[PDB]
Each structure stands twice: as C-alpha cells, then as structure tokens.
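Notes for the structure review
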Amino acid sequence: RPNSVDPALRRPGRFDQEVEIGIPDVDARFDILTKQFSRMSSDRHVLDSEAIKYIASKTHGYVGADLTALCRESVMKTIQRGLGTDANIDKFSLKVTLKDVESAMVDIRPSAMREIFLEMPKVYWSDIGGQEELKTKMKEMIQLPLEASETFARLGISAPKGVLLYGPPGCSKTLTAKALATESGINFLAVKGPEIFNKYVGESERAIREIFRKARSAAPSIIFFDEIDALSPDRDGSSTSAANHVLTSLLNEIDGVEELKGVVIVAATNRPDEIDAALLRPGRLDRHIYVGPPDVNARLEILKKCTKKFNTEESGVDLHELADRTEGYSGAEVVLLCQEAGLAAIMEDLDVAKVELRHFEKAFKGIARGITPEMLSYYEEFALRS
Amino acid sequence: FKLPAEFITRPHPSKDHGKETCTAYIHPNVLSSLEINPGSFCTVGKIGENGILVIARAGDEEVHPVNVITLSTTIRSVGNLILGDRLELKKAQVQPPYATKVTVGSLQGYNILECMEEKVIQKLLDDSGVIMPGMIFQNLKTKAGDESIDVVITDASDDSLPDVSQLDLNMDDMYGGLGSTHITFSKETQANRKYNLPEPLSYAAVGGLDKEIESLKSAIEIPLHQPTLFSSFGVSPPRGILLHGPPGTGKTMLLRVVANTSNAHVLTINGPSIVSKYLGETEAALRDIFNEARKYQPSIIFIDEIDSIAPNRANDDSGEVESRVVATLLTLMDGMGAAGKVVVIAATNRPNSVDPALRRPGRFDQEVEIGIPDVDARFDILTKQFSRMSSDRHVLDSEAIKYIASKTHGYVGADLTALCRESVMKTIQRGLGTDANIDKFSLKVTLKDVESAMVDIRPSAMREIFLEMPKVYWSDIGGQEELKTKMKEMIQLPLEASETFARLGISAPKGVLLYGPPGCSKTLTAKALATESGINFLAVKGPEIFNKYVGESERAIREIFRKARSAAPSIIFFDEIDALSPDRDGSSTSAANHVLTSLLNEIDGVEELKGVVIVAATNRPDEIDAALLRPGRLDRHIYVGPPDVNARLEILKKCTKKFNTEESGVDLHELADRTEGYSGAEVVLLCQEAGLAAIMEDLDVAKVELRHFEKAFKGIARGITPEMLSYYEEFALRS
Ligand SMILES: Nc1ncnc2c1ncn2[C@@H]1O[C@H](COP(=O)(O)OP(=O)(O)OP(=O)(O)O)[C@@H](O)[C@H]1O
C-alpha cells in the first residue's frame, strides 16, 4: 500500500521516480497465458489460439497470480477426474481441455474483486448504438486535446475540460463510456457512485486524493464518473448531513489554484436537479449533452445485432415494422424485450433457430415501456434553461 | 555427555526378518549413558501411558542417527505409535514370570481356516519378544491362495503383580521345528474389553462427509505417493490445505484418521506452546522443525489454532510473536525443496480470523469447505456409531434412527456423541433409581431416555450462518397449479438450459419477487425449494442480518454471497426484505443505505452471477426502493394471493388425517365454502382451535363434533381487510 508508506519517504527529493503497477488487462492476461503455455509446451496439452483468447476475454478482475491458480486448479482437476474415471490411465493422453478450465474459473472465486480502479470491458463501434451528431461531437471533443495541446499552449485558450451527460436512465449512459474508452485508445477510469462513499469519515477524502493524483500521474487522459447525483445534492437531499467536504474537494480540484490542461473530465448524471449551483457555473462543466432516447436508426441497429443469433429469413420479420412499433423504449429496454421474446420462443421446444412474430408481440404486450412523459418534459425544460 | 533428552520414532526399513519385534536401533553411546546391558530388555517412555512397552534391545551399525529410533511396525500398530511423537528412554523393568494362554483371534476373517493355518505357532513364537496385547505381521508367502489377513491376540488370562504395566509382556516358550498350554487356537471375536487398549481411528468411523473424504484422500495421496508425475508438469507442488469450519464439525477427528492411516512421517504441534518470551527461541524452533521436515523425504506438518498463532495485522498489533514468525516460516517453506512430497493441513476456524497474509494459491491453493451436517449426514453418523457400539448393547430399528436424525436439524457433529452419552447416563441413572441395581444389560437403549436427552441437552449451536430448518414434501404444499408450474419452470430453466443460454446469450434473469398477504404461501416456498430442487439451499432472515456494529451487516452480506457463489449454482432466499429496503420512507441509518447500494451493485454490477438464482419473498412490496427495482433485475413478480378453495380443501384434508372423517360426517366442502376469506395458516390455526375445543370436553377424543367447528369459526376472524387486497391489486396493475 503506497498510502501506508510514510509520506516523509514518499517525497520527490529522494523517491521522485515512481513505477506504477496496475491490474493486467485482457491483452496482458492473454500474453501471460500464451507465454506460460509456450513455457510448459504443447507436448503435454493442446490449447488452440481462439480458446486462449476466449479465456482471456472472460477474465476481468483476475490478477497475475490468478492465472497460475487457474492453471494449477485445472491440472489437478484433470488428474482427479482421470483417476476417478479412467482408473489410473496415462495423464499425457487426457492432457488439458476447456471444461476443466471453465470449472476452475467457476470455482476459483478470487478475493480481489474489490478495487478502486475498475477495468471496464471494451466494446466495438458496431455494437454501440447511438446518433451521428453525438458521435461527431465526442470524436471532436476527444481529438481536440491530443493533437491541439501545443496549439492551445500558444493560443492560451486551453480546453473547457468539462462535459456533463444528463438524460433518461434507459441507456446511452453506461455503454457510452465503454465506447469512449475503446475508441480513444487511452487508459480509462471507472468508479461507481457509492463506491467512493465510505463509512469512515475522511476515508472518502483520501480516496478522492488517491484517484485524482493517479489520474494526474497516468498522463493526460479522461476521467469518467458513473453517477454524480449520489453525492452532488447537499441542501436538497441532505445525504446523512455529509459530503460537503467531498463537494468542496471536487470543486477545488478541477479548477482551483492549479488547472489541469492535459486531462479531460466528463460527467454523467441521471438527474439534473441534484447538481449543486457551484458545479453549475460557467467555466466548469459548461458543456451539456441532451443524450435522449435512441432514435429509429439506433433501435434498428440494436434489433439487428440481437437478431444476429437468430435467422431473419426464417422468421420473416423485416426489422422495420418492429422498430417502428417499439419507438418509446430504450436500448436496455429493447435488449430486455428481445431476451424475453427469445425466452418465450425457446419455452416450446428448448433450442430454436428463429423467433416468431407472435412471441415478439407477446413480449411487447407483456412488458410496458415504464417511461413517463413528465421526466422528458422536465429534461427539455432543463435543456432550455441551460 | 551426549545427554539425549528426547527421541523420535522411525519405521524399520529393508523389511527382511531381523528382529522385527525387538529391533531397537539406538546408538551405543545412549546405551552406555543408561548404564544398562545392551543384551537385555529396553523400555521406551513414549510420554505417558505407563507400562512403557518393555521390549528386548539390540545394536545398530553406527549409521542410524541418535535422534530417530525404531520400534518395529508391529509395536507401532499395537501402541498407536504415531510418527513424530515424543519418545523417551529409561531403565528396564523386572523380568516377567510366565505366559499362560496367548490365543489367536483371526481379525476380519470368518475363522474356519484349518488349511490356511500351516503351523502359525512357529511364526508366532519363533521371534524374540512376542507381546500378547498384539502381534501384527504381514501375510508373507505361504502355500497357495494369495490374499492377506491379520490376527488378534489380545485375549489372555495371565495375571501380573504390578498393575502399572498395562502391556504385561511375558516370555515365550513353545516347541516347534522349521505347544503352549491346552491348544492356542480358539474364538474369533473382537479385542478383549478388559484391557481397553487404544485403537487406531479408521475412515469407517468418519461418516456423512464422503464427497470431502475422497477429495482430501486424493489431495494427500497425489503429492505424497506420486511426486514425479506432478513434478513432470512443472507447475509447482501445493504445500497447504485449508481445513476450516464450525467447531465440533469433525476436523480434528479426520486429522487423527489421516495421521494414523499414513505410514509416512507426520509432524504434530500443540499450538501456542512453542511461543516463548525469547525472541529467537521460536525462530530457532521453527527453523529446526522445518529442518527435520525437509531432511526426510516423507513428511507431513500439522498446524492448529493458527488464528492465535498468527493474529491479523489490522485486527490487533499486540506484538511479541507476530507476523515476523509467519513471514520467516513462509520463506523457509517456500524454497525447502523443488518437487519433494510435503502436505500441510491447517485446521482453522472461521477463516475471517485467519490472517489474510496466509492466502495465496502458490502454497495454500487447496481449501476445504466444511459446513453443518444435513439430515443425511447426521443419519449416516448415527448408523456408523450404532454399528461401532454394536447391537449386543442396544436395539433400535432404522425408522427410529431416521426420526431422531430428522428431529435434530441444527445439531452439530459432536452433539450426536453428546446425545448418545447423555442417553447412556440417563438410562443408567433411571435403572439405578427404579430397579435398584438390576442387571444393566437388559435395560439397554430405549426411546424415553433419548427423548429426555434432547429435551435436556440444551446445545449452544443455534446461531449459525447456515439455516437447516426442517423441510416438507408436496403434501403440505397447498396452492395454485399455475404457481407450481411457474416455480418448476424457473427452477428447471437454469439447471438444464445453461448451455442454451450461453449459446443464445440471453442468460437468466435470476430475479424472482414474491409479494403477497402475510397469511401463508410465503414461508412454505422455502421448504418447497429445499425439498424438490435437491440443491444446497441458503436462507437468511431479515432481522438476523442486522447487527449493532456498523458494517457488520455489510461484511455478513459479503460472506453469504461469496459462499453462495462458491457453493456451485444454487438458489438464495431472503425471508424479510421490508426491514432494510425502506431507506426512503424511513430515515433508517447509513448502514441500511450501504446495504442497499451493496445489494444493488452486487446482483448485476461489474460481474454477473449466472450460476446462482436470486429469489426474494417480501410481505409489503412498497418498502423496496425503486432505485433497485429496475427491469432486468428482480423483474419477475408473483401475485401469490390467498389460497383458493382447492388449496384450503387440501390443507383441511391434511390436517384432518389424524381425525376420522367418516364418523364426523363432514366432507370439508361446506366448511371450505364458508371459510373462503382465510389463509392456510389461518386454516391451520382454526383446525388447532377446534381440536383443542373438542379435547377439552372429555380429555382424549377420537373425533371432533360440528359444534366445535362453529365455535372455532365464530371465535376467530380472518384478520385481513379487503382494502389490503385492493391495494395489492392496484400495486400489481402498476407493475
Ligand atoms: N461430524 C462428526 N461426526 C462424528 N463425530 C463427530 C463429528 N464432529 C465431532 N465429532 C465428535 O466430537 C469429537 C471432537 O471433534 P473433532 O475431534 O473433529 O474436533 P473439532 O472440535 O471439530 O476441532 P477443533 O478443536 O480444531 O475446532 C470427535 O473426536 C468426535 O468424537
């Protein structure tokens, strides 16, 4: 723990050079898996490349020691299964397969599931369903700093360094961060709302300091928060008569005394009224994005993606009238409705190769949108007033 | 000047014949220091159990080290001389007078050998020593008919003047080439009871933990017996197994069993007694014992009460012996050898107290999960102990044992021995009090004493994380067919549709909500799942998870969900949600809010729990906050309203089984029609009240009259208001 180290030791006069070691990502885990597989050679086991890639992708929170733990657990489970079934057959013939690895990853249950910095899995653009204008806006806002810092240094304008995301709780708030992290090619930081909150008084302040100076030491990057409305309201909500210190710290960190030109701060909130007037000030977090419900094109793309597993020709649906009928839903709502329709289609004779239109109608009538027009009107009023 | 204070046992190698009873390979310097003739009997103290296994002594070839001694596998089995025990040497005793009977028993055999005998007498008494409490020898190669048998020689009638010597060895005198007193072959029963010699614990004693017993057998046999095969892989050998569970659940007993059944050397420690005031004394002792562990190829190390030995760094920085010794022992065992054959078993309790610095897969990958035994394990242990104590002292059929096991649901493994012993004392006490010292063999074991035994035992094993409350079959399940069909559908989908979900990507909603009237059909569902599902069922009460300490509920939630995830795909049930759920209607505390966020972000946040299924039954669904009530998690809703006419009729038939319907003249149809606004629990209570009214007339009754039915019906009302049902319907419509 660097925090447990005496801060007198951790000073630039003696220990100016710090080497930061983080949790391995998917690429590092895959590289370590391939290296260890080549280490014990293929003379005792067979493991084709795509299985290794799938295993590495399935691994999210595992650590370097976890890969060795999985390898040893798979080997020993193979030994016991061979002894039990084949009655002491040669262990080389049984070698290593995928099912023992799957059992090992189910039963390993690592204790390192809690970490301050979350490595959210990446997602590609085709899976991401949005709108062209928003994509152009985010692309411009992320392209400006990286190849315009030198221009801003001479100009002196620098960057707004503040982006606020407010919209419906349906979709386009969580997967947007994944899309930004994937396309930007820059290290991403994900912290949950109540995750920063702690029972101990002052622990939240130390965690805030920790995350901001790791962000500073991690080169000019993007800092994203899952939800701010869990801590922003102080007078309106009176959350345990606290969080005032947290609010002051986050207010003075972004633009107090020292200004952070290199990094970009993006904020996503589920409700606009919870943001205090101090944050709602020109100069900081001035940019606002409506990011409303997905349009017809995004819903059609999501339906096409969800229908890829099934067969469109056999079903006979054109993927247009279904999207037109399902216009008041959201991306998460569309995904849930597709999943429930698939469940209804598989209830009859277990696995199916297609989903019928009757099952889709059953799903649509069974589950309501759950969205009210008053929240949309309030969001529109806030957009007009902003 | 050597002054050997202590000795340690060691198996005799090279087999051959040699002495095999009086080997006693001790360095001549020790023999000279004892001023005792080498060509005479020797006595080994073995710390306690006087008698000292008096035995003749021989000489070595100066290669045998002074520290280790050999007492032959026969004497090792006779006296339960476990490897690694403390051994001492002292002066020999007086010469025995003579031997009288020495009779064979032919253990684990049907006797009637005649041909297989082939003059066993020469083999028995062609050797020095021959200690009549026991001779155990290999079958060797005699004639044709292979196989292997052993012999019991315990029974004897010789009398010795000193009672200190419990081994009462005597000399050998028989005539043979290449006969006692009036033959020496007779009887086939077990060992003599009057000696009451200790016996080595076997795997047959342990019962109800098979799925773990072969697991631990393999875990201890693969590295010890097959070191080269595992070393060929080059993935490093495991050097530690975690044995953790509630106290008295059968861990030290399996430690003793595996220690006795293993011929390899085993190291046993007594716990915190090694801790000394001197800083370096404990370090020297640890490095020394590790030196003897690593110098000999077969070695097994036992560690106990690790929490006291290794306190957590954050819990308390007491000092003195601390994580320094833990670090140095870990470093010592990390590079003791490359392949080797060493297994370490940690018999700890509640691993929360175990220092987090003892958990890496590199040395302590193997973890054994030990929980409270269920009804099947308790019944198995009951049968095993009944077989051990034999039917010559008790009479009991299978159904009584099954009923006793079913009655004891929350009891611990040691509670079974507690109950049997308490029944023994109760039977003896009642016999002495009533029959005035009658023959106690005829009294044996009955049901009344055992009944009083679990009435008056009062165990202290009620508060536990496991809730193994008694279950019921489909007979008690009184409800609607649609509800049962839905239950079957959502409990059969994850069991035989995991591959289909993985291929399709739909996965499972894993969320079922059960909101309804407080009458019934909300608690019996737990029994229905735990009975029909046949899967490890975990139930957590509402107020039980609450604790005075701040964060205790959060950590308890952590352990319960981690154990649910680690306990294979199963189902989790929470009885009462509406106490912690209303964080908005009521002020509550910060702990309740933290619990709400934790349960919201753990069910479907970051990581997805596809294997387990989360089902929650609540009384008033409005206490659940809308923040966590989002589609995709706990989306399924069941009305589960008051039971219909069919369920009420079924409940009435079940409750009327004790009574006779033919003589009462009631078909339970008009009563069911009249009793339409009640619930299953209400129906049961009304039936109980009617039975009480019937039996208050003329004490015991064989039937119940109508007048009692009307009296019960008028005495007790439904207790439920229609506006509550209207509000439930309104909530269902909005959902
Ligand atoms: N599951 C069980 N089945 C049968 N007998 C048991 C069981 N659990 C305990 N006993 C009895 O109680 C005794 C004490 O149990 P055991 O020796 O296993 O120690 P433990 O209390 O579990 O361990 P520790 O002191 O390390 O916590 C056993 O020797 C045995 O007689």
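Residues numbered from 1 in each chain as written, not as in the entry; some residues may be left out. Chains lettered and ligands numbered in written order. Part of a larger assembly, values for the part shown. Heavy atoms only, no water. Residues with missing side-chain atoms left out of burial classes, pairs and counts.

Looking at the entry header, you'll see cryo-EM listed as the method and 5.9 Å as the resolution.

As recorded in the PDB entry, chain B goes by ATPase family gene 2 protein and comes from Saccharomyces cerevisiae. According to its PDB record, this entry is titled "Cryo-EM structure of Drg1 hexamer treated with ADP". Listed under Subcellular location in UniProt, the entry text for chain B is "Cytoplasm". UniProt, in the comment section headed Sequence similarities, describes chain B in these words: "Belongs to the AAA ATPase family. AFG2 subfamily." (UniProt positions renumbered as here; feature names shortened; annotations may be inferred.)

For chain A, the PDB entry supplies the name ATPase family gene 2 protein and the organism Saccharomyces cerevisiae.

Thoughts on the overall build of chain A
Secondary structure assignment for chain A yields 18 helices and 4 strands. Viewed in the frame of its principal axes, chain A has a C-alpha envelope of about 75 × 65 × 45 Å. Put simply, 79% of the contacts in chain A that link residues at least 6 apart link residues at least 24 apart. (Helix = DSSP H or I, 4+ residues; strand = E, 2+ residues; numbered from the N terminus. Contact = heavy atoms within 4.5 Å.)

Side note on the pairing of strand β13 (residues 571–574) of chain B
Residue and element names in this part refer to chain B. The two faces of β13 match: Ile 571 and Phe 573 on one face and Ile 572 and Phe 574 on the other face are all buried. The sheet contact formed by strand β12 (residues 537–540) and β13 spans 4 bridges and is parallel. Bridge pairing links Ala 539 to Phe 573 in β13. Direction of pairing for β13 relative to strand β14 (residues 613–618): parallel, over a ladder of 4 bridges. Each residue of the ladder has a partner; that of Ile 571, found in β14, is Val 613. Where the polypeptide runs from β13 across helix α21 (residues 590–603) and back to β14, its parallel neighbour, the crossover connection is right-handed. (Buried < 20%, exposed > 50% of the residue type's maximum accessible area, 1.4 Å probe, protein only. Pairing = 2+ DSSP bridges. Right-handed = clockwise from strand over helix to strand, strands pointing away.)

What to know about the interface of chain B and chain A
On the side of chain A, 32 residues touch chain B, which itself brings 37 residues to the contact. Summing both sides of the interface, chain B and chain A together bury roughly 3,000 Å²; the carbon and sulfur share of this comes to 66%. Per-residue buried area on chain B facing chain A is highest for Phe 233, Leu 504 and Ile 506 of chain B; these three make up 20% of the total on that side. On inspection of chain B and its partner chain A, the count reaches 2 salt bridges. Linking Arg 72 of chain A and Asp 365 of chain B is a salt bridge whose minimum nitrogen-to-oxygen distance equals 3.9 Å. (Buried area = accessible area lost by both parts, 1.4 Å probe. Salt bridge = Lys/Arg side-chain N within 4 Å of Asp/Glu carboxyl O.)

So, the site of the ligand
Residues and elements named next belong to chain B. By nearness alone, every residue bordering the ligand is listed as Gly 248, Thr 249, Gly 250, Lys 251, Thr 252, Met 253, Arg 256, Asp 304, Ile 381, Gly 413 and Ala 414. In this structure, a nitrogen atom belonging to the ligand sits 3.4 Å away from a main-chain N or O atom of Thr 249. Within the backbone of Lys 251, one N or O atom sits 3.0 Å away from an oxygen atom of the ligand. Summarising the interface, the protein chains cover 69% of the accessible area of the ligand, which totals 630 Å² for the free molecule. Elements that contribute at least two residues to the shell around the ligand include exactly α6 (252–261) and α13 (413–435). In terms of residue count, α6 provides more of the shell around the ligand than any other element does, 3 residues in total. Class assignment for the residues of the shell around the ligand results in 3 nonpolar, 5 polar and 3 charged. (Near = heavy atom within 4 Å. Polar contact = N/O pair within 3.5 Å; in protein donor to acceptor, adjacent residues only side chain to side chain. Areas by Shrake-Rupley, 256 points an atom, 1.4 Å probe, with all protein chains shown as cover. Nonpolar A, V, L, I, M, F, W, Y, C, P; charged D, E, K, R; others polar.)

Here we look at the UniProt feature "binding site: ATP 1" in chain B
Residues and elements named next belong to chain B. UniProt tags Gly 245, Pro 246, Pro 247, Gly 248, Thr 249, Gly 250, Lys 251 and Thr 252 as "binding site: ATP 1". With respect to the secondary-structure elements, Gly 250 resides in the loop between β6 (241–244) and α6. The residues touching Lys 251, leaving out its near neighbours within four places in the chain, are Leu 243, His 244, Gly 245, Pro 246, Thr 348 and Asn 349. A polar atom in the side chain of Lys 251 sits 2.7 Å from the backbone oxygen of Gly 245.

Here's the deal with the sheet that holds strand β4 (residues 287–289) of chain A
Strands belonging to one sheet form pairs held by backbone hydrogen bonds; the direction of such a pair is parallel or antiparallel. Residue and element names in this part refer to chain A. With parallel pairing, the 4 strands of this open sheet are ordered in space as β2-β3-β1-β4. The sheet is open, and its two edges are formed by β2 (222–225) and β4, each paired on a single side. Taking each pair of neighbouring strands and ignoring which way they run, the sheet shows an average axis angle of 20°. Note: β2 against strand β3 (residues 264–269), 4 bridges, orientation parallel. Across the sheet, residue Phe 224 finds its bridge partner in β3, namely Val 266. (Axes fitted to C-alpha atoms, helices over the stretch in contact; angles between N-to-C directions.)

Points about the pairing of β14 of chain B
Residue and element names in this part refer to chain B. The element β14 is largely enclosed, with a buried count of 6 among its 6 residues. On β14, burial covers both faces: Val 613, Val 615 and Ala 617 on one face and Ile 614, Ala 616 and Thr 618 on the other are all buried. Pairing analysis gives 5 bridges linking strand β11 (residues 511–515) to β14, with the strands arranged parallel. When the bridges of β14 are listed, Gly 511 appears paired with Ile 614.

Some thoughts on the UniProt feature "binding site: ATP 2" in chain B
Residues and elements named next belong to chain B. UniProt annotation of "binding site: ATP 2" refers to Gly 516, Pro 517, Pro 518, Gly 519, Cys 520, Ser 521, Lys 522 and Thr 523 when read in the numbering used here. In this fold, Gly 519 is placed in the loop between β11 and α18 (524–532). The exposure class of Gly 519 is partly exposed, given its relative accessible area of 31%. Among residues more than four places away in sequence, those in contact with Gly 519 are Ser 679 and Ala 681.

Considering the packing of aromatic side chains
Enumeration according to the criterion identifies 9 aromatic pairs over all chains in this entry. With 6.3 Å between their ring centres and 70° between their planes, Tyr 166 of chain A and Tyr 290 of chain A make a pair best called edge-to-face. Residue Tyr 166 of chain A is found in strand β1 (residues 162–166), and its partner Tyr 290 of chain A is found in the loop between β4 and α13 (296–306); the two are separated by 124 residues along the sequence. On the basis of relative accessible area, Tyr 290 of chain A is assigned to the partly exposed category, the value being 30%. Judged by centre distance (5.0 Å) and plane angle (80°), the rings of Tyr 166 of chain A and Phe 382 of chain A are edge-to-face. Of this pair, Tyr 166 of chain A sits in strand β1 while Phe 382 of chain A is found in helix α18 (residues 373–385), placing the two residues 216 residues apart along the sequence. For the pair shown, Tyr 166 of chain A and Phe 382 of chain A are each scored as buried. Linked through ring pairs, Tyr 166, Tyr 290, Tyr 379 and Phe 382 of chain A together constitute an aromatic cluster. The cationic tip of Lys 295 of chain B hangs over the ring face of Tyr 296 of chain B; the distance from NZ or CZ to the ring centre is 5.9 Å. (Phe/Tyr/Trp six-rings, centres within 6.5 Å; stacked < 30°, edge-to-face > 60°. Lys NZ or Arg CZ within 6 Å of the ring centre and 35° of its normal.)

Points about the packing of helix α2 (residues 26–40) of chain A against helix α3 (residues 49–58) of chain A
Residue and element names in this part refer to chain A. Two elements in contact, α2 and α3, have axes separated by 9 Å at closest approach and are oriented at 135°. The angle between α2 and α3 places the two elements in the oblique class. When the axes of α2 and α3 are compared, the crossing they make is right-handed. On the side of α2, the interface is formed by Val 26, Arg 29, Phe 30, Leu 33, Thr 34 and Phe 37, while α3 contributes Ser 49, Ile 52, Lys 53, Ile 55, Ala 56 and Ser 57. Class assignment of the residues belonging to the contact of α2 with α3 gives a composition of 7 nonpolar, 3 polar and 2 charged. (Parallel < 35°, antiparallel > 145°, perpendicular 65-115°, else oblique. Left-handed = near helix turned anticlockwise from the far one by under 90°.)

Points about the pattern of salt bridges
Tallied over the entire structure, the rule returns 39 salt bridges over all chains. Each of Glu 205, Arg 209, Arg 216, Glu 253 and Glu 258 of chain A takes part in a single network of salt bridges with overlapping partners.

Here's the deal with the sheet that holds strand β7 (residues 266–267) of chain B
Spatial ordering of the open sheet is given by β7-β8-β9-β6-β10 (chain B), a layout of 5 strands whose pairing is parallel. The two strands at the open ends of the sheet, each matched to only one other strand, are β7 and β10 (366–369) of chain B.

Points about a nonpolar patch on the surface
Residue and element names in this part refer to chain A. Among the surface-exposed residues, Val 5, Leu 9 and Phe 15 lie close enough to one another that they form a single nonpolar patch of about 240 Å² accessible area. Relative to the assigned elements, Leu 9 resides in the segment before α1 (12–15). According to the relative accessible area criterion, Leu 9 is partly exposed, its value standing at 36%. (Patch = residues over 30% accessible without salt bridge, like charges linked within 9 Å, V, L, I, M, F, W, Y side chains within 5 Å.)

So, the state of the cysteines
Applying the stated criterion across every chain, the model contains 0 disulfides over all chains. We note that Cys 338 of chain A lacks a disulfide partner, and the nearest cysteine sulfur, in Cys 306 of chain A, lies 4.4 Å from it. With relative accessibility at 11%, the residue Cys 338 of chain A sits in the buried group. A disulfide-free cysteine, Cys 520 of chain B has its sulfur positioned 11 Å from the sulfur of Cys 655 of chain B, the nearest such atom. (Disulfide = S-S within 2.5 Å.)

Observations concerning helix α16 (residues 481–496) of chain B
The end-to-end C-alpha separation of α16 of chain B is 22 Å, in line with the 22 Å expected for 16 residues at 1.5 Å each. For α16 of chain B, the set of buried residues is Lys 484, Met 487, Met 490, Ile 491 and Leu 493 of chain B. Buried residues along α16 of chain B sit in contact with α16 (331–346) of chain A together with α17 (498–504), α18, β15 (636–638) and α22 (645–655) of chain B. (Expected span 1.5 Å × (residues − 1).)

Observations regarding the side chain of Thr 74 of chain B
Within the secondary structure layout, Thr 74 of chain B lies in helix α2 (residues 73–79). Residues in contact with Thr 74 of chain B, not counting those within four places in the same chain, are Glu 20, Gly 134, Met 135, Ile 136 and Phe 137 of chain B.

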